[PDB]
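Quick notes on the structure that follows.
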Amino acid sequence: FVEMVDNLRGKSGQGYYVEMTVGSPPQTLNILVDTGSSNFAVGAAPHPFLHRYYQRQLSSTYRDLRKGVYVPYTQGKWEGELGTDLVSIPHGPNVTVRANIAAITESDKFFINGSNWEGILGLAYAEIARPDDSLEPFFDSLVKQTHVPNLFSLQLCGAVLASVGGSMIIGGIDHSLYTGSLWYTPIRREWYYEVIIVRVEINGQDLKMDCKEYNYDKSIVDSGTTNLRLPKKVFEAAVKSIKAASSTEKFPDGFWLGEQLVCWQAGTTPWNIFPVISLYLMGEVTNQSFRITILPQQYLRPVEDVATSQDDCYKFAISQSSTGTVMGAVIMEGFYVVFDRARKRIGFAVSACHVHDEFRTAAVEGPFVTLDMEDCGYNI
Ligand SMILES: C#CCOc1cnc(C(=O)Nc2cc(F)c(F)c([C@@]3(C)N=C(N)S[C@@]4(COC)C[C@H]43)c2)cn1
């Protein structure tokens, strides 16, 4: 799968995008890779932030579905016109498929001013597709219409704004992207990429919460979220433990709440006063788990557009959630992540490109013995 290595680009905090073509003749667009949604949606009008946009009038293969879709998020929104067209991934498999495309015709706080992407590729399942689960997601079309295997994998490599990169391997796994073994956790249900966290440690120290709290109301793997988001109760306990572990220096309450940055002189960041965070995930076998471990390099993130400071400033990128745990870029940048849809499981291995120091490294380890893991899942 050497053709697909290094097919992702981006800037810090603006997501990871892949090049795609839409229509005949092909119109090239940069598309955000998003495991946390299920619509393929592209700018179709000259919004001032966009480098380019889908021009349906130039495509002979365009077909109108004569139906609109309105998609509000918690803080942004877009509205679009549904159709189908021929879609390819130049640095992906040598195939072309007819996919649903939402042509975005109105938006608010969706596109990023200064970003280099013009659309989103929702790689999750039909259950959370808008307007409903009858709108077949891109990856489902790809698999149905071709011989590409029903899996993909992601290596997200973290860094005026630093450039990020990585690989999306479509239909396979590239062993050059990881070291050690892959460890798999079940996809609990095919909507989001829902997983179950069974234990949490800060520097080896169990938080000791009822594990249901770790997954209330769900835990997902989401390449379209920057942070590690945690349920409120879990965030409260997690911060309490991280504060204690890093108490040799003090920081204001707002830093922990993500309401202000913290800065240090160039090259003087105290990585070592910050603890590692380990998430144990449900394993493949009854009573068996494995653990993934990330560093402060992952959850303490450089902000490189602070014009009013000359120092190295960082954002605390663990945050409280009302929608459950979100394993965003903070988690994924440590690991090679295999979305093994064929076997309803997600694989983690140490990423060959993860950012670390001479003392500590990201880890994937098992097996561990963990009882009552089925009790960790939330039901209504
Ligand atoms: C680089 C880097 C660090 O990682 C990321 C990942 N994603 C982003 C990002 O901008 N994601 C993004 C932006 C949106 F405007 C946006 F609407 C979304 C959506 C479609 N997808 C998500 N997974 S979060 C979301 C609500 O959940 C559906 C806001 C929706 C993601 C930025 N940095």
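Below, each value reflects all heavy atoms present in this structure, side chains not excepted, and no hydrogens, waters or symmetry copies. All residue numbers in this chain count up from 1 along the given sequence. Counting starts at 1 for both ligands and their atoms, following the listed order.
- Contacts of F110 with ligand 1, taken as heavy-atom pairs under 4.0 Å, involve both backbone and side chain.
- Aromatic ring orientation, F251 versus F274: parallel (interplanar angle below 30°, classes split at 30° and 60°).
- In this structure, the side-chain contact (heavy atoms from CB on, under 4.5 Å) partners of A126, at least two apart in sequence or on a different chain, are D133, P137.
- Ranking the protein heavy atoms by distance from atom 25 (C) of ligand 1 puts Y73 CD2, 4.3 Å first.
- With a 4.0 Å cut-off on non-hydrogen atoms, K109 does not touch ligand 1 at all.
- One finds the OG atom of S38 at 3.5 Å from the CD1 atom of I128 (value rounded to the nearest 0.5 Å).
- Once rounded to the nearest 0.5 Å, the distance linking OH of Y192 with OG1 of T35 reads 11.5 Å.
- Considering backbone and side-chain atoms together, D34 places an N or O closer than 3.5 Å to an N or O of ligand 1.
- Ligand 1 lies nowhere less than 4.0 angstrom from a heavy atom belonging to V326.
- Remark: the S37 side chain and the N39 side chain contain no N/O donor-acceptor pair separated by less than 3.5 Å.
- Of the polar atoms of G15, at least one N or O is found under 3.5 Å from an N or O of ligand 1, judged by distance alone.
- One side chain, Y193 or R341, offers a donor N or O that lies under 3.5 Å from an acceptor on the other.
- The N/O atoms of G224, backbone and side chain alike, include one that comes under 3.5 Å of an N/O atom in ligand 1.
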| request: Give the intermediate values and the outcome of ring pair (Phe, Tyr, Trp, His ring centres under 6.0 Å) for residues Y178 and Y336. | output: CA-CA 6 Å; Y178 74 96; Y336 184 50; 5.4 Å; yes
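- At a heavy-atom cutoff of 4.0 Å, ligand 1 is contacted by no atom of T35, backbone or side chain.
- When each atom of ligand 1 is checked for a heavy atom of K11 under 4.0 Å away, the hits are 1 (C).
- Within the structure, ligand 1 has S223 among the residues with a heavy atom less than 4.0 angstrom away.
- The backbone N or O of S278 sits nowhere less than 3.5 Å from a side-chain atom of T293 that would complete a donor-acceptor pair.
- The protein atom (non-hydrogen) at minimum distance from atom 10 (O) of ligand 1 is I112 CD1, 3.7 Å.
- For ligand 1, the polar-atom distance check finds no N/O of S12 at less than 3.5 Å from any of the ligand's N/O atoms.
- In terms of polar-atom proximity, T226 is counted as a contact of ligand 1, with an N or O under 3.5 Å from an N or O of the ligand.
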| task | Walk me through it: do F368 and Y280 pass the test ring pair (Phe, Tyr, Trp, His ring centres under 6.0 Å)? | result | CA-CA 9 Å; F368 294 94; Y280 290 66; 5.3 Å; yes
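- The shortest contact between atom 27 (O) of ligand 1 and any protein heavy atom is with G36 O, 4.3 Å.
- Proximity of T74 to ligand 1, defined as any heavy-atom pair under 4.0 Å, is not found for any part of the residue.
- Taking 4.0 Å as the cut-off, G13 counts as a neighbour of ligand 1 on heavy-atom distance.
- Each of the following atoms of ligand 1 lies closer than 4.0 Å to a heavy atom of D222: 22 (C), 23 (N).
- Protein heavy atom closest to atom 4 (O) of ligand 1, with residue, atom name and distance, is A329 CB, 3.3 Å.
- To the nearest 0.5 angstrom, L261 atom CG is 8.5 Å from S309 atom OG.
- The closest approach between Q75 and ligand 1 stays at or above 4.0 Å for every heavy atom of the residue.
- We find that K212 and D375 are not joined by a salt bridge, their nearest charged nitrogen and carboxylate oxygen being 4.0 Å or further apart.
- Ligand 1 places these atoms under 4.0 Å from at least one heavy atom of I120: 20 (C).
- Note on ring orientation: taking the six-membered ring where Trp is involved, the planes of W78 and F110 are tilted (angle from 30° to 60°).
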